[PDB]
Amino acid sequence: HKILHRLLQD
Amino acid sequence: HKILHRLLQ
Amino acid sequence: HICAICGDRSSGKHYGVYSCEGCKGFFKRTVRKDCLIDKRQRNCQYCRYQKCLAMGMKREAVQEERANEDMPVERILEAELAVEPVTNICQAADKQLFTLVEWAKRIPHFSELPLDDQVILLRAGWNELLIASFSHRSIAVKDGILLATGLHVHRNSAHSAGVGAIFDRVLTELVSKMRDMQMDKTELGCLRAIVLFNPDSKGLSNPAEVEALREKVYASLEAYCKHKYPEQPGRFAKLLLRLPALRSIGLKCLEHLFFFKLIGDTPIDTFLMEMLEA
Amino acid sequence: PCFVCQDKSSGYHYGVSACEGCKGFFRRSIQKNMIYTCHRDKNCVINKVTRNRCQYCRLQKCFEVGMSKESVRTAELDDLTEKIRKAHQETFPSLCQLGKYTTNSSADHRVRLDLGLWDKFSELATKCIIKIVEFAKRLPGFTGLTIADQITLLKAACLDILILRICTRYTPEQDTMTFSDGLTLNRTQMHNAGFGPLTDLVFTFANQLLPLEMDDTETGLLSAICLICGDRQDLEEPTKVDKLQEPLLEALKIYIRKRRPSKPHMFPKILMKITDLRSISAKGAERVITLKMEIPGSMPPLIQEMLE
DNA sequence: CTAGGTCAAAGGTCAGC
DNA sequence: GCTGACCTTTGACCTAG
Ligand SMILES: CC1=C(/C=C/C(C)=C\C=C\C(C)=C\C(=O)O)C(C)(C)CCC1
Ligand SMILES: CC1=C(/C=C/C(C)=C\C=C\C(C)=C\C(=O)O)C(C)(C)CCC1
Ligand SMILES: [Zn+2]
Ligand SMILES: [Zn+2]
Ligand SMILES: [Zn+2]
Ligand SMILES: [Zn+2]
């Protein structure tokens, strides 16, 4: 999914 | 491994 | 055979006069950019330059025009400080993956690169990154490794579930070598910065900048090996040589995790499960 | 007149009228296989007052006026460099010295395997393995070594040597590779001969070797470094292997930057092609055991003896 | 008369102060 | 930023076939 994408999100 | 030995010596 | 300007040692004639290298460079730069004089006191532009012209130097003989500071080891030093059987190692892998995402944001130009580029670079060589992490973390202990949760894993217990050949591959080709050559934390973060800036990764949007950052990592790590270990002539080359073994181990390493996944026995954490499922 | 820099001639040198400076420049460039990079538009005109400025422009003008490349005919660590150049050039003839030919056996679209090309490719493979061991012998200090450890290094690096050598025989304009006897195969024939899934990546490696502009010396030294590696398992004297490979690394660096002043970053890249070579040979080793069952007869002796 | 080879004298780099 | 010790490259001159 976007777990890494959301971990770098903020 | 005959080939290797014969080749080396 | 003595310099006719300041009495220094001379190898031959320059610009028409016996001279040394200092007067040579001084005259050349003075012509390009437009008081007793001996080697003790040659450093007044008049005298120096005026004595060069007086002894016979010709301005027409001059021909025409023919630890770094963008990837400094400074940021790697800051990075490695900033962050730093089978089921336990998957545990430590998942715990470390968050800190790897954090370790990405401390490389000088990792933040400025694009949205897709971050995710691709990070989940392209994550296993080699963390394998380098605990491989460098396992220098003290002999035949075992130390995880991110303070777990010692070694010998037949590490060899219990048919996972000993790869463990010995890491111990022999990575841990014991890093220990035998005493690799600094800086050099570790440089190697992991090279593994990080992989331009041969799939789907990369404008990978030329990634490869360029890898170039600056090459140069900065090399100059760092020039300053830190000048006695060791081959320090940059043989520490680079560590990367092939890292990829070879990471391959069979990752495939072990692949079959382990597709049999459903090992409880794998979700964040770890992502990187295995592209 | 000098057709390059419009200077006084000294005779007809290398095919055109040239001065002494451009003559020495062309001889030094061809003899040392130099690689020049221009810092401008590569348009830099060369004459009496504007000389140098860019070496690539001067050499380019030498080739534009018609100078014949064909007419052309520290030291401690360079000795072994020239030695390995001799060994690799005498154990593997370079691509531009083979009167190559072609065949038409399964040459259009891919099949699972062609028995005849697998046959000719098999004798070619045995031959090139023999010459691989011959290249190993002529390396400095490889003979005076543990026989079990020599067999270890050859068993571990044979596929890497094969992939590197066969990828230094690639033709980009035709997408073809050429073997040691002149047999030239296209990508389809390479697949049908017994490469299969390796093909795509192997050819990939070939293209990845094109920007590096490696010559015979760099290929020989890289081959020796892949051979002499202290990371191979089951080694009885690994530290002496590492010590034996250090001067090969340093000589490779000195040579690479000797031929490239404006690109002092090519040694880590050429050295890091090993990182891909490891995976390619790693999948090829089991590609052999996939070829085990598809052949009706059996695997040739040296191929299976050196690849397992 | 043109190859290859030589070496004084141009060019350049880059720690160290 | 200038300095100067240390290295590379150029080209006029030379010898051989
Ligand atoms: C090499 C190794 C494994 C893979 C580990 C991965 C993919 C990441 C490790 C992260 C850690 C454990 C970091 C740390 O210690 O801080 C597996 C499971 C194949 C079994 C043998 C040991
Ligand atoms: C040995 C061989 C294989 C690879 C050969 C490679 C990668 C290069 C061969 C180059 C030759 C044979 C060059 C020459 O003709 O000199 C593979 C893995 C397909 C399996 C079958 C036997
Ligand atoms: Zn002086
Ligand atoms: Zn004064
Ligand atoms: Zn000219
Ligand atoms: Zn130019």
# chains A, B, ... in the order shown; residues from 1 in each chain; ligands from 1

$ residues_around --residues "residue 47 (chain D)" --least-positions-apart "5" --cutoff "12 Å" --atoms "only C-alpha atoms (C1' of nucleotides)" --output "PyMOL selection string"
chain D and resi 1-8+19+21-22+52-54+57-58+61-62

$ write_last_selection --atoms "N, CA, C and O atoms" --output "short mmCIF file (atom, residue, chain, number, x, y, z; two decimals), in the first residue's frame"
data_model
loop_
_atom_site.label_atom_id
_atom_site.label_comp_id
_atom_site.auth_asym_id
_atom_site.auth_seq_id
_atom_site.Cartn_x
_atom_site.Cartn_y
_atom_site.Cartn_z
N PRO D 1 52.09 22.84 -44.87
CA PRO D 1 50.92 23.08 -44.02
C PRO D 1 50.54 21.86 -43.19
O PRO D 1 50.88 20.74 -43.55
N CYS D 2 49.84 22.09 -42.07
CA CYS D 2 49.33 21.02 -41.22
C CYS D 2 47.81 21.07 -41.27
O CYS D 2 47.21 22.08 -40.92
N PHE D 3 47.20 19.97 -41.71
CA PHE D 3 45.75 19.94 -41.89
C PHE D 3 44.99 20.06 -40.58
O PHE D 3 43.77 20.28 -40.61
N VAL D 4 45.66 19.92 -39.44
CA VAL D 4 44.99 19.95 -38.14
C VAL D 4 45.05 21.36 -37.55
O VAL D 4 44.01 21.95 -37.22
N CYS D 5 46.26 21.90 -37.41
CA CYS D 5 46.45 23.18 -36.73
C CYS D 5 47.06 24.25 -37.63
O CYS D 5 47.48 25.30 -37.13
N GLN D 6 47.11 24.02 -38.95
CA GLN D 6 47.58 25.01 -39.92
C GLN D 6 48.98 25.51 -39.59
O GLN D 6 49.27 26.71 -39.61
N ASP D 7 49.87 24.57 -39.29
CA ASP D 7 51.25 24.86 -38.92
C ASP D 7 52.20 24.30 -39.97
O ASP D 7 51.79 23.59 -40.89
N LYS D 8 53.48 24.64 -39.83
CA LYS D 8 54.50 24.11 -40.72
C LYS D 8 54.53 22.59 -40.65
O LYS D 8 54.53 22.00 -39.56
N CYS D 19 52.39 18.52 -38.52
CA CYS D 19 53.55 19.03 -37.81
C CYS D 19 54.01 18.00 -36.78
O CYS D 19 53.43 16.92 -36.63
N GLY D 21 54.12 18.43 -33.43
CA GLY D 21 53.28 18.42 -32.24
C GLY D 21 52.05 17.56 -32.40
O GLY D 21 51.73 16.75 -31.53
N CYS D 22 51.34 17.72 -33.52
CA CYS D 22 50.16 16.89 -33.77
C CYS D 22 50.54 15.44 -34.03
O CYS D 22 49.77 14.53 -33.69
N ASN D 52 45.22 22.54 -28.07
CA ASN D 52 44.73 22.03 -26.81
C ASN D 52 43.35 22.64 -26.64
O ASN D 52 42.50 22.48 -27.52
N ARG D 53 43.10 23.32 -25.52
CA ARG D 53 41.79 23.92 -25.29
C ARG D 53 40.94 22.70 -25.02
O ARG D 53 40.33 22.57 -23.96
N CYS D 54 40.92 21.80 -25.99
CA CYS D 54 40.20 20.54 -25.83
C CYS D 54 40.95 19.47 -26.60
O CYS D 54 41.23 19.63 -27.79
N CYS D 57 38.70 17.69 -29.25
CA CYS D 57 38.57 18.44 -30.49
C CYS D 57 39.79 18.24 -31.38
O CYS D 57 39.66 18.12 -32.60
N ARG D 58 40.99 18.20 -30.78
CA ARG D 58 42.21 18.04 -31.57
C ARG D 58 42.27 16.64 -32.19
O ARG D 58 42.53 16.50 -33.39
N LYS D 61 39.74 16.40 -34.92
CA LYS D 61 40.20 17.01 -36.16
C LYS D 61 41.25 16.14 -36.84
O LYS D 61 41.33 16.11 -38.08
N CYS D 62 42.07 15.43 -36.06
CA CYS D 62 43.01 14.49 -36.64
C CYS D 62 42.29 13.39 -37.41
O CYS D 62 42.73 12.99 -38.50
#

$ residues_around --residues "residue 14 (chain F)" --least-positions-apart "3" --cutoff "12 Å" --atoms "only C-alpha atoms (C1' of nucleotides)" --output "ChimeraX atom specification"
/E:4-7

$ write_last_selection --atoms "N, CA and C atoms (P, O5', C5', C4', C3', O3' and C1' of nucleotides)" --output "mmCIF file, in the first residue's frame"
data_model
loop_
_atom_site.group_PDB
_atom_site.id
_atom_site.type_symbol
_atom_site.label_atom_id
_atom_site.label_comp_id
_atom_site.auth_asym_id
_atom_site.auth_seq_id
_atom_site.Cartn_x
_atom_site.Cartn_y
_atom_site.Cartn_z
ATOM 1 P P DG E 4 54.653 4.744 -34.851
ATOM 2 O "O5'" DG E 4 55.784 4.440 -33.769
ATOM 3 C "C5'" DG E 4 56.622 3.304 -33.930
ATOM 4 C "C4'" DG E 4 57.924 3.496 -33.181
ATOM 5 C "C3'" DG E 4 57.761 3.937 -31.727
ATOM 6 O "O3'" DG E 4 58.639 3.199 -30.888
ATOM 7 C "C1'" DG E 4 59.114 5.496 -32.902
ATOM 8 P P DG E 5 58.445 3.232 -29.294
ATOM 9 O "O5'" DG E 5 59.634 4.173 -28.795
ATOM 10 C "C5'" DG E 5 60.958 3.945 -29.263
ATOM 11 C "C4'" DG E 5 61.891 5.037 -28.780
ATOM 12 C "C3'" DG E 5 61.559 5.590 -27.392
ATOM 13 O "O3'" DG E 5 62.729 5.616 -26.580
ATOM 14 C "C1'" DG E 5 61.751 7.358 -28.964
ATOM 15 P P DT E 6 62.695 6.286 -25.117
ATOM 16 O "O5'" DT E 6 63.255 7.761 -25.372
ATOM 17 C "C5'" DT E 6 64.499 7.940 -26.046
ATOM 18 C "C4'" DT E 6 65.101 9.302 -25.740
ATOM 19 C "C3'" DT E 6 64.875 9.805 -24.320
ATOM 20 O "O3'" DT E 6 66.000 10.556 -23.897
ATOM 21 C "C1'" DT E 6 63.845 11.287 -25.849
ATOM 22 P P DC E 7 66.405 10.600 -22.343
ATOM 23 O "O5'" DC E 7 66.114 12.111 -21.924
ATOM 24 C "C5'" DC E 7 66.728 13.170 -22.642
ATOM 25 C "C4'" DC E 7 65.917 14.443 -22.521
ATOM 26 C "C3'" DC E 7 65.531 14.835 -21.089
ATOM 27 O "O3'" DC E 7 65.689 16.240 -20.921
ATOM 28 C "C1'" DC E 7 63.622 14.763 -22.429
#

$ residues_near_ligand --ligand "ligand 1" --cutoff "6 Å" --atoms "only C-alpha atoms (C1' of nucleotides) and all ligand atoms" --output "PyMOL selection string"
chain C and resi 86+89-90+92-93+96+127+130-131+133-134+146-148+167+253+256-257

$ residues_around --residues "residue 13 (chain E)" --least-positions-apart "2" --cutoff "12 Å" --atoms "only C-alpha atoms (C1' of nucleotides)" --output "list in words"
residues 261 of chain D; 11 and 15 of chain E; 4, 5, 6, 7 and 8 of chain F

$ atom_distance --atom1 "CA of residue 102 (chain D)" --atom2 "CA of residue 185 (chain D)"
6.8 Å

$ residues_near_ligand --ligand "ligand 2" --cutoff "6 Å" --atoms "only C-alpha atoms (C1' of nucleotides) and all ligand atoms" --output "PyMOL selection string"
chain D and resi 124-125+128+162-163+166+179-180+194-195+284+288

$ residues_near_ligand --ligand "ligand 3" --cutoff "7 Å" --atoms "only C-alpha atoms (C1' of nucleotides) and all ligand atoms" --output "ChimeraX atom specification"
/C:3-8,19-23,39

$ residues_around --residues "residue 6 (chain B)" --least-positions-apart "5" --cutoff "12 Å" --atoms "only C-alpha atoms (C1' of nucleotides)" --output "PyMOL selection string"
(chain B and resi 1) or (chain D and resi 130+133+147)

$ write_last_selection --atoms "N, CA, C and O atoms" --output "PDB file, in the first residue's frame"
ATOM      1  N   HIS B   1      37.740 -34.708  -9.997  1.00  0.00           N
ATOM      2  CA  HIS B   1      38.152 -33.525 -10.745  1.00  0.00           C
ATOM      3  C   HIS B   1      39.466 -33.767 -11.476  1.00  0.00           C
ATOM      4  O   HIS B   1      40.473 -33.115 -11.194  1.00  0.00           O
TER       5      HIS B   1
ATOM      6  N   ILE D 130      38.919 -23.755 -21.118  1.00  0.00           N
ATOM      7  CA  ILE D 130      40.344 -24.079 -21.178  1.00  0.00           C
ATOM      8  C   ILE D 130      41.175 -22.804 -21.202  1.00  0.00           C
ATOM      9  O   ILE D 130      42.096 -22.619 -20.394  1.00  0.00           O
ATOM     10  N   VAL D 133      41.357 -21.056 -17.884  1.00  0.00           N
ATOM     11  CA  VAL D 133      42.382 -21.565 -16.980  1.00  0.00           C
ATOM     12  C   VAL D 133      43.770 -21.146 -17.452  1.00  0.00           C
ATOM     13  O   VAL D 133      44.664 -20.900 -16.632  1.00  0.00           O
ATOM     14  N   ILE D 147      46.468 -25.926  -4.747  1.00  0.00           N
ATOM     15  CA  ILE D 147      45.697 -26.452  -5.871  1.00  0.00           C
ATOM     16  C   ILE D 147      44.207 -26.425  -5.556  1.00  0.00           C
ATOM     17  O   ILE D 147      43.386 -26.041  -6.398  1.00  0.00           O
TER      18      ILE D 147
END

$ residues_around --residues "residue 3 (chain F)" --least-positions-apart "5" --cutoff "9 Å" --atoms "only C-alpha atoms (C1' of nucleotides)" --output "PyMOL selection string"
chain C and resi 22+25-26+43

$ residues_near_ligand --ligand "ligand 6" --cutoff "10 Å" --atoms "only C-alpha atoms (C1' of nucleotides) and all ligand atoms" --output "PDB file with N, CA and C atoms, in the first residue's frame"
ATOM      1  N   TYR D  36      39.431  11.239 -24.437  1.00  0.00           N
ATOM      2  CA  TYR D  36      39.342  12.667 -24.173  1.00  0.00           C
ATOM      3  C   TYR D  36      37.887  13.105 -24.062  1.00  0.00           C
ATOM      4  N   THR D  37      37.651  14.106 -23.216  1.00  0.00           N
ATOM      5  CA  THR D  37      36.322  14.670 -23.014  1.00  0.00           C
ATOM      6  C   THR D  37      36.399  16.184 -23.134  1.00  0.00           C
ATOM      7  N   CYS D  38      35.596  16.750 -24.032  1.00  0.00           N
ATOM      8  CA  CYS D  38      35.569  18.189 -24.244  1.00  0.00           C
ATOM      9  C   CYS D  38      34.645  18.858 -23.238  1.00  0.00           C
ATOM     10  N   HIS D  39      35.073  20.017 -22.743  1.00  0.00           N
ATOM     11  CA  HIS D  39      34.300  20.798 -21.790  1.00  0.00           C
ATOM     12  C   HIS D  39      33.459  21.872 -22.468  1.00  0.00           C
ATOM     13  N   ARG D  40      33.402  21.872 -23.800  1.00  0.00           N
ATOM     14  CA  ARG D  40      32.570  22.822 -24.526  1.00  0.00           C
ATOM     15  C   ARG D  40      31.634  22.094 -25.483  1.00  0.00           C
ATOM     16  N   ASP D  41      31.377  22.693 -26.642  1.00  0.00           N
ATOM     17  CA  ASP D  41      30.499  22.099 -27.640  1.00  0.00           C
ATOM     18  C   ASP D  41      31.205  21.083 -28.519  1.00  0.00           C
ATOM     19  N   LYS D  42      32.460  20.751 -28.211  1.00  0.00           N
ATOM     20  CA  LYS D  42      33.297  19.889 -29.046  1.00  0.00           C
ATOM     21  C   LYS D  42      33.495  20.522 -30.424  1.00  0.00           C
ATOM     22  N   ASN D  43      33.115  21.794 -30.539  1.00  0.00           N
ATOM     23  CA  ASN D  43      33.300  22.599 -31.739  1.00  0.00           C
ATOM     24  C   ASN D  43      34.641  23.322 -31.771  1.00  0.00           C
ATOM     25  N   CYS D  44      35.337  23.395 -30.633  1.00  0.00           N
ATOM     26  CA  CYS D  44      36.569  24.164 -30.473  1.00  0.00           C
ATOM     27  C   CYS D  44      37.528  24.015 -31.647  1.00  0.00           C
ATOM     28  N   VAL D  45      37.673  25.079 -32.442  1.00  0.00           N
ATOM     29  CA  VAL D  45      38.557  25.044 -33.601  1.00  0.00           C
ATOM     30  C   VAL D  45      40.009  25.043 -33.138  1.00  0.00           C
ATOM     31  N   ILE D  46      40.836  24.245 -33.809  1.00  0.00           N
ATOM     32  CA  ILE D  46      42.245  24.081 -33.469  1.00  0.00           C
ATOM     33  C   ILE D  46      43.088  24.700 -34.575  1.00  0.00           C
ATOM     34  N   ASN D  52      45.223  22.539 -28.071  1.00  0.00           N
ATOM     35  CA  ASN D  52      44.733  22.027 -26.809  1.00  0.00           C
ATOM     36  C   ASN D  52      43.345  22.640 -26.638  1.00  0.00           C
ATOM     37  N   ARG D  53      43.098  23.323 -25.523  1.00  0.00           N
ATOM     38  CA  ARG D  53      41.790  23.918 -25.290  1.00  0.00           C
ATOM     39  C   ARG D  53      40.936  22.704 -25.020  1.00  0.00           C
ATOM     40  N   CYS D  54      40.919  21.800 -25.993  1.00  0.00           N
ATOM     41  CA  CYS D  54      40.204  20.543 -25.834  1.00  0.00           C
ATOM     42  C   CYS D  54      40.953  19.465 -26.599  1.00  0.00           C
ATOM     43  N   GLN D  55      41.290  18.375 -25.910  1.00  0.00           N
ATOM     44  CA  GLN D  55      42.005  17.284 -26.560  1.00  0.00           C
ATOM     45  C   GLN D  55      41.086  16.484 -27.476  1.00  0.00           C
ATOM     46  N   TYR D  56      39.813  16.338 -27.094  1.00  0.00           N
ATOM     47  CA  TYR D  56      38.855  15.630 -27.938  1.00  0.00           C
ATOM     48  C   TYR D  56      38.637  16.356 -29.257  1.00  0.00           C
ATOM     49  N   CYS D  57      38.697  17.691 -29.246  1.00  0.00           N
ATOM     50  CA  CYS D  57      38.575  18.445 -30.489  1.00  0.00           C
ATOM     51  C   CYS D  57      39.794  18.243 -31.378  1.00  0.00           C
ATOM     52  N   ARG D  58      40.988  18.203 -30.781  1.00  0.00           N
ATOM     53  CA  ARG D  58      42.205  18.037 -31.570  1.00  0.00           C
ATOM     54  C   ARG D  58      42.274  16.644 -32.187  1.00  0.00           C
ATOM     55  N   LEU D  59      42.042  15.606 -31.378  1.00  0.00           N
ATOM     56  CA  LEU D  59      42.010  14.248 -31.913  1.00  0.00           C
ATOM     57  C   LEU D  59      40.894  14.090 -32.939  1.00  0.00           C
ATOM     58  N   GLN D  60      39.733  14.694 -32.669  1.00  0.00           N
ATOM     59  CA  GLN D  60      38.631  14.643 -33.625  1.00  0.00           C
ATOM     60  C   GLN D  60      39.026  15.268 -34.955  1.00  0.00           C
TER      61      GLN D  60
END

$ residues_around --residues "residue 143 (chain C)" --least-positions-apart "2" --cutoff "8 Å" --atoms "only C-alpha atoms (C1' of nucleotides)" --output "MDAnalysis selection string"
chainID C and resid 141 145 154:155 171

$ write_last_selection --atoms "N, CA, C and O atoms" --output "JSON list (two decimals), in the first residue's frame"
[["chain", "number", "residue", "atom", "x", "y", "z"],
["C", 141, "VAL", "N", 30.86, -9.33, 18.72],
["C", 141, "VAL", "CA", 30.64, -10.76, 18.91],
["C", 141, "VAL", "C", 31.25, -11.54, 17.75],
["C", 141, "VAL", "O", 31.37, -11.04, 16.62],
["C", 145, "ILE", "N", 25.35, -12.62, 15.54],
["C", 145, "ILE", "CA", 24.94, -11.27, 15.19],
["C", 145, "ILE", "C", 24.09, -10.68, 16.31],
["C", 145, "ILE", "O", 23.49, -11.39, 17.11],
["C", 154, "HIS", "N", 23.16, -16.95, 17.22],
["C", 154, "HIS", "CA", 24.33, -17.66, 16.71],
["C", 154, "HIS", "C", 24.42, -19.17, 16.92],
["C", 154, "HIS", "O", 23.73, -19.77, 17.75],
["C", 155, "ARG", "N", 25.32, -19.75, 16.14],
["C", 155, "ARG", "CA", 25.74, -21.16, 16.16],
["C", 155, "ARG", "C", 24.59, -22.05, 15.67],
["C", 155, "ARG", "O", 23.93, -21.71, 14.67],
["C", 171, "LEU", "N", 28.37, -13.91, 8.16],
["C", 171, "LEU", "CA", 29.43, -13.86, 9.15],
["C", 171, "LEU", "C", 30.81, -13.89, 8.51],
["C", 171, "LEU", "O", 31.74, -13.25, 9.01]]

$ interface_residues --of "chain C" --to "chain D" --cutoff "8 Å" --atoms "only C-alpha atoms" --output "tab-separated table (two decimals) with N, CA, C and O atoms, in the first residue's frame"
chain	number	residue	atom	x	y	z
C	65	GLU	N	45.25	29.77	-21.89
C	65	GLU	CA	44.60	28.99	-20.85
C	65	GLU	C	44.24	27.62	-21.41
C	65	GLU	O	43.57	27.51	-22.44
C	66	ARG	N	44.69	26.57	-20.72
C	66	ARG	CA	44.51	25.21	-21.21
C	66	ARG	C	43.48	24.45	-20.38
C	66	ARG	O	42.29	24.76	-20.41
C	172	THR	N	30.97	-14.63	7.41
C	172	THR	CA	32.27	-14.81	6.80
C	172	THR	C	32.58	-13.74	5.76
C	172	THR	O	33.71	-13.23	5.71
C	173	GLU	N	31.61	-13.38	4.93
C	173	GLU	CA	31.87	-12.46	3.82
C	173	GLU	C	31.60	-11.01	4.17
C	173	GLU	O	32.01	-10.12	3.40
C	215	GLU	N	27.68	9.50	-7.67
C	215	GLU	CA	29.01	9.97	-8.03
C	215	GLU	C	29.63	10.78	-6.90
C	215	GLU	O	30.78	10.56	-6.52
C	218	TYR	N	30.77	8.57	-4.23
C	218	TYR	CA	32.05	7.98	-4.62
C	218	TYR	C	33.20	8.93	-4.31
C	218	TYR	O	34.17	8.56	-3.64
C	219	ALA	N	33.09	10.17	-4.79
C	219	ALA	CA	34.20	11.12	-4.65
C	219	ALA	C	34.43	11.49	-3.19
C	219	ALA	O	35.58	11.54	-2.74
C	233	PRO	N	46.84	2.45	0.86
C	233	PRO	CA	46.68	2.80	-0.56
C	233	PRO	C	45.38	2.34	-1.24
C	233	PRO	O	44.81	3.06	-2.05
C	234	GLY	N	44.94	1.13	-0.91
C	234	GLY	CA	43.77	0.51	-1.50
C	234	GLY	C	42.48	0.52	-0.70
C	234	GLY	O	41.59	-0.30	-0.93
C	237	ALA	N	39.04	1.06	-2.81
C	237	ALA	CA	38.71	-0.02	-3.74
C	237	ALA	C	38.19	-1.25	-3.01
C	237	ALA	O	37.06	-1.70	-3.25
C	238	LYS	N	39.00	-1.80	-2.10
C	238	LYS	CA	38.55	-2.96	-1.33
C	238	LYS	C	37.41	-2.83	-0.33
C	238	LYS	O	36.85	-3.85	0.08
C	240	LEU	N	34.83	-0.91	-1.47
C	240	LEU	CA	33.81	-0.93	-2.51
C	240	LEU	C	33.57	-2.41	-2.79
C	240	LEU	O	32.43	-2.81	-3.05
C	241	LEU	N	34.62	-3.23	-2.75
C	241	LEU	CA	34.50	-4.65	-3.11
C	241	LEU	C	33.50	-5.39	-2.23
C	241	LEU	O	33.07	-6.49	-2.59
C	243	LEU	N	30.42	-4.55	-1.71
C	243	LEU	CA	29.07	-4.45	-2.27
C	243	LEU	C	28.64	-5.68	-3.08
C	243	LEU	O	27.49	-6.13	-2.94
C	244	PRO	N	29.49	-6.24	-3.96
C	244	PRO	CA	29.11	-7.50	-4.63
C	244	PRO	C	28.67	-8.60	-3.67
C	244	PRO	O	27.62	-9.23	-3.89
C	245	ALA	N	29.45	-8.87	-2.62
C	245	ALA	CA	29.04	-9.88	-1.65
C	245	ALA	C	27.75	-9.48	-0.95
C	245	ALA	O	26.92	-10.35	-0.63
C	247	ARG	N	25.22	-7.80	-2.28
C	247	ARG	CA	24.11	-8.11	-3.19
C	247	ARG	C	23.90	-9.61	-3.30
C	247	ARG	O	22.75	-10.08	-3.29
C	248	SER	N	24.98	-10.38	-3.41
C	248	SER	CA	24.85	-11.83	-3.51
C	248	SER	C	24.15	-12.41	-2.29
C	248	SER	O	23.28	-13.28	-2.42
C	251	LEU	N	20.38	-11.42	-2.20
C	251	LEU	CA	19.53	-12.16	-3.14
C	251	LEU	C	18.94	-13.41	-2.49
C	251	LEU	O	17.72	-13.50	-2.31

$ select_by_dssp --residues "region 18-242 of chain D" --states "helix (DSSP H, G or I)" --output "MDAnalysis selection string"
chainID D and resid 20:31 55:65 75:90 95:97 115:137 147:167 187:195 198:209 216:227 238:242

$ residues_near_ligand --ligand "ligand 4" --cutoff "12 Å" --atoms "only C-alpha atoms (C1' of nucleotides) and all ligand atoms" --output "number ranges by chain"
C: 35-37, 41-51

$ interface_residues --of "chain D" --to "chain B" --cutoff "8 Å" --atoms "only C-alpha atoms" --output "mmCIF file with N, CA and C atoms, in the first residue's frame"
data_model
loop_
_atom_site.group_PDB
_atom_site.id
_atom_site.type_symbol
_atom_site.label_atom_id
_atom_site.label_comp_id
_atom_site.auth_asym_id
_atom_site.auth_seq_id
_atom_site.Cartn_x
_atom_site.Cartn_y
_atom_site.Cartn_z
ATOM 1 N N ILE D 147 46.468 -25.926 -4.747
ATOM 2 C CA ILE D 147 45.697 -26.452 -5.871
ATOM 3 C C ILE D 147 44.207 -26.425 -5.556
ATOM 4 N N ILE D 151 41.455 -24.272 -7.679
ATOM 5 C CA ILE D 151 40.200 -24.865 -8.129
ATOM 6 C C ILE D 151 39.017 -24.119 -7.525
ATOM 7 N N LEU D 302 34.050 -30.631 -18.849
ATOM 8 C CA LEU D 302 34.590 -29.437 -18.203
ATOM 9 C C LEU D 302 33.495 -28.463 -17.787
ATOM 10 N N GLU D 305 31.955 -29.900 -14.685
ATOM 11 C CA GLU D 305 32.990 -29.998 -13.659
ATOM 12 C C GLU D 305 33.389 -28.626 -13.128
#

$ atom_distance --atom1 "CA of residue 54 (chain C)" --atom2 "CA of residue 17 (chain C)"
10.1 Å

$ closest_atom_pairs --of "chain D" --to "chain E" --cutoff "12 Å" --atoms "only C-alpha atoms (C1' of nucleotides)" --output "Markdown table"
| residue | atom | partner | partner_atom | distance |
| --- | --- | --- | --- | --- |
| D:10 | CA | E:2 | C1' | 9.3 |
| D:11 | CA | E:2 | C1' | 7.3 |
| D:12 | CA | E:2 | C1' | 7.4 |
| D:13 | CA | E:2 | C1' | 6.9 |
| D:14 | CA | E:2 | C1' | 8.9 |
| D:15 | CA | E:2 | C1' | 10.7 |
| D:16 | CA | E:2 | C1' | 11.7 |
| D:17 | CA | E:2 | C1' | 11.3 |
| D:18 | CA | E:2 | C1' | 11.4 |
| D:20 | CA | E:2 | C1' | 11.5 |
| D:23 | CA | E:3 | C1' | 10.7 |
| D:24 | CA | E:4 | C1' | 9.8 |
| D:27 | CA | E:4 | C1' | 8.9 |
| D:28 | CA | E:4 | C1' | 10.7 |
| D:31 | CA | E:4 | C1' | 10.8 |
| D:52 | CA | E:11 | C1' | 10.7 |
| D:53 | CA | E:11 | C1' | 11.7 |
| D:71 | CA | E:3 | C1' | 9.2 |
| D:72 | CA | E:3 | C1' | 8.5 |
| D:73 | CA | E:4 | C1' | 8.4 |
| D:261 | CA | E:12 | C1' | 11.3 |

$ atom_distance --atom1 "CA of residue 118 (chain C)" --atom2 "CA of residue 104 (chain C)"
8.5 Å

$ select_by_dssp --residues "region 46-214 of chain C" --states "strand (DSSP E or B)" --output "list in words"
residues 144, 145, 146, 152, 153 and 154 of chain C
